[PDB]
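Provided below as structure tokens are two forms of one protein chain, presented individually as structure 1 and structure 2.
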Structure 1
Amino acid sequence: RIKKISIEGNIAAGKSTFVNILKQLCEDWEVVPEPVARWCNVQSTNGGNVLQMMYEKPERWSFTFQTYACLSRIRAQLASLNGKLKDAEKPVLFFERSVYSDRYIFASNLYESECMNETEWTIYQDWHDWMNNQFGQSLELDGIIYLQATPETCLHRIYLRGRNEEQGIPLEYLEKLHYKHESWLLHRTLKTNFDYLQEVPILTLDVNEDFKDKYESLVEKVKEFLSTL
């Protein structure tokens, strides 16, 4: 009953920045941010920083991170499907990344990088499938917004943001993630267990340019794209 749109994009491409100009465009919109800070100080519903543990020894912590990161995002997105939004008129729910990015972009890539052995990779997909199998049907996307920026623009915006764990991120890693986004959201040549995705609508925004300027345009293309849903 609520339109759910996922915001996809490379590390530091500008998702959180795009998310902050969303609510002010319509009282009917909701945003579920990526629980990034919660991965940095692992506490039960100051402690460990699994995001950094993974970035510092991926073949040791990729599975754990992928396991916790995804469950985490699902809970956040599910919680928001029980808020004031239910009482809204034209409720549109935004997701900062999706269970798909987690699996077909990051997890997929860490595994192709030998950072997860067959065993870890098999267990992860089995979990991931079963997750959707359960609390999945209520999270399907009506549309996707691909925030597109060159991995070179990404590597620089990372530097601007200043998050410590990400400061050691190499261009090469950003490139691999880039092509996977391109393969999934641009060329649309990515295979997944969730058939509906293949048909799901996609809005591609070139955010390589200054947000200061391209802002007015984007708002237009967003309202636009949203009406066609």
Structure 2
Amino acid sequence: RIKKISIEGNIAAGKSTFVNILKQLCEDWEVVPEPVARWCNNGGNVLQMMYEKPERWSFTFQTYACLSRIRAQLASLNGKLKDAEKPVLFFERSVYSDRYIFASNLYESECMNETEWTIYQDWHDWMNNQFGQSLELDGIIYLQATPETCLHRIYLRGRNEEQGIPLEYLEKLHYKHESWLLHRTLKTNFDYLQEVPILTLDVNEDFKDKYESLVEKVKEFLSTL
């Protein structure tokens, strides 16, 4: 049985960096990269459209992202990794953050209307009632950084289309992560996530001085599942 762990965090919190550290350690540990992570630079063409007109493309973008996520995560469960006896699969984000952080935020910002938002939820619920068992998480790693840490890391990473991201937006996604993963006050449609263990890592400092302590904490955490 492959342990499934998602890595969660705000934009440019350091998910990729963290995944880069994790994917280096051993045979038994493998990462499932995030669709929207890959797009960022054919279908992933929805990204360019989102850059121009988010009110137009949000529903299409989130729908495609989540379906891409679901297939890649399902795909990945079928190694040639199904062994041996402590295989771990790391998910870059999850179907939950897709919905309760991102799609959710896009509706609150009026980039999806009531109808788009109802359809998306209807669609999301169904999908996960059809594959929830397969993709159920054994753990969540929360990469905790401040909105300002994230704003600065957006700047450093250099994507020209990301340079207009306001801090208020990062603050919103921050509240939602805190609310879901630290305070566990955000209620979802998936009651098994109320039990799911959560490792919260402060990633505000430079990863280069920290990645060792970080891995140490992850192993510690994995062994307790």
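So that the term is clear: the rigid core is the largest set of C-alpha atoms that superpose within 1.5 Å between two forms. Every residue number counts along structure 1's sequence, beginning with 1.
- Following superposition on the rigid core between structure 1 and structure 2, the residue from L203, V36, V200, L190 with a C-alpha displacement of 2 angstroms or more is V36, and no other.
- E89 is among the residues whose C-alpha shifts by 2 Å or more between structure 1 and structure 2 once the rigid core is aligned.
- If you overlay the core, the Cα of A12 moves by 0.3 Å between structure 1 and structure 2.
- In the core-aligned comparison between structure 1 and structure 2, the Cα atom of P170 sits 1.2 Å away from its counterpart.
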